[PDB]
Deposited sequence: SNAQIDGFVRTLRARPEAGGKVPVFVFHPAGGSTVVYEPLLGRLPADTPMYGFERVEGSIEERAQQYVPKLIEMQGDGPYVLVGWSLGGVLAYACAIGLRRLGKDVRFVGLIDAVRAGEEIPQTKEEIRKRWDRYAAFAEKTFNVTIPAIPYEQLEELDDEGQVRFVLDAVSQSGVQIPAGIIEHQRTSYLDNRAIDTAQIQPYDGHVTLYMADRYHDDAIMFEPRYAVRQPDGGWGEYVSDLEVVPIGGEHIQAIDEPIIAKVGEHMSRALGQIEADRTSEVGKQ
């Protein structure tokens, strides 16, 4: 299927408006199966899996596919983790092309409480933190970090440089894509969007997330989306980021989202 996974196929003709879901960091759209079970019967669902590039470059790949599949609209775009940002970026692209986007659902796609700087000083502090965790984890001494060579490299190049030093192909492939998908969240440059966004908000990021990047230890009440989205609804769901996508918490998301879908179906009926 390329990068589109069919979770529930739309009928040959007619039917309900499909929900387009976007993969999480380091994972696939199979994670949306619990959600799908909490959505109305015969709600079609398609998942957009990983593609390469910056967020904008990824949306430039998704948007033509969205249009091929759904045309003028209506568009319902949903994502947890990185998927939320991808969904949001696609919403901007679709709106810019005159399409009708009716719903953007961010499932705990929460920004760091303080903006993560994209600076050399930050690149050094980041790699120093990693090196220190490796020292403790692997009972090793890491020599001086070749900062100068690292600083000049993008995220992709940084991991290749690192993967020269150090393994089964599946693990390198899984670690590489997880790291890069997570950095993609970190460095996302949010643009403003004038349509409705629903943010399902958990209480906090899980411990591993925070150990990796302590700025995710703090969340703003709007999840960092308020300056960019004037039409913003927050649906608190509690719990941690990791749990937001699974039962039982997904039942709450599903109930709320089902109501939104019902109104959309009513509005076209």
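Student: Pop the missing stretches of the deposited sequence into a list, counting residues from 1 and keeping sequence order.
Tutor: Since the structure holds only modelled residues, the stretches it omits are 1 to 5, 172 to 177, 281 to 286.
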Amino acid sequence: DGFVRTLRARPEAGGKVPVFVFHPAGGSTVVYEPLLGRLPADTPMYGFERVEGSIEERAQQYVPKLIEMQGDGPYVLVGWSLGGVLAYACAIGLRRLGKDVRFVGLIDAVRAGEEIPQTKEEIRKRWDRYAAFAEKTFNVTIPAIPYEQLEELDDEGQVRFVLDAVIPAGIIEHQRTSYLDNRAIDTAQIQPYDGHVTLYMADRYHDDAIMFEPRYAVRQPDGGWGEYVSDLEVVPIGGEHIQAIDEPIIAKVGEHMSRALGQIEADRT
From here on, numbers count along this sequence of modelled residues.
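By rigid core we mean the largest C-alpha set that fits within 1.5 Å across both forms.
Student: Which stretch is more displaced from the shown form in 5 other deposited structures of this protein, 64 to 72 or 208 to 216, with RMS over structures and residues of Cα positions after a rigid core fit?
Tutor: Of the two stretches, the larger average C-alpha offset in 5 other deposited structures of this protein falls on 208 to 216.
Student: Output the stretch, either 74 to 82 or 186 to 194, that has more C-alpha displacement from this form in 5 other deposited structures of this protein following superposition by the rigid core.
Tutor: When 74 to 82 and 186 to 194 are compared in 5 other deposited structures of this protein, the bigger C-alpha shift is seen for 186 to 194.
Student: Is it the case that at least a third of the other compared entries omit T141, given both of its neighbours are modelled there?
Tutor: Yes, left without coordinates in at least a third.
Student: Tell me which stretch has the larger mean Cα B-factor in this entry, 170 to 178 or 96 to 104.
Tutor: It is 170 to 178.
Student: If you average the Cα B factors in the entry, which is higher, 27 to 35 or 208 to 216?
Tutor: So the stretch with the higher mean C-alpha B-factor is 208 to 216.
Student: Just the C-alpha B-factor column, please: which of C90, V159, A112, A184 has the biggest number?
Tutor: Comparing C-alpha B-factors across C90, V159, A112, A184, the top value belongs to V159.
Student: When you compare the CA B-factors of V85, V76, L199, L163 as listed in the entry, which one comes out on top?
Tutor: If I rank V85, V76, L199, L163 by C-alpha B-factor, first place goes to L163.
Student: Comparing against every modelled residue in the chain, figure out the third that the C-alpha B-factor of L261 lands in (lowest, middle or highest).
Tutor: CA B-factor rank for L261: middle third.
Student: So where's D246 on the chain's Cα temperature factor ranking, which third?
Tutor: Its C-alpha B-factor, which the entry lists for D246, ranks in the lowest third among residues of this chain.
Student: Would you mind checking where the Cα B-factor of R8 ranks among the modelled residues of its chain, as the lowest, middle or highest third?
Tutor: Its C-alpha B-factor belongs to the middle third of this chain's values.
Student: Which third of the chain does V229 land in by C-alpha B-factor: lowest, middle or highest?
Tutor: Middle third - that is where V229 ends up once the chain's C-alpha B-factors are sorted.
Student: Among all modelled residues of this chain, ranked by Cα B factor, put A41 in the bottom, middle or top third, i.e. lowest, middle or highest.
Tutor: As the PDB entry reports it, the C-alpha B-factor of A41 lands in the highest third of its chain.
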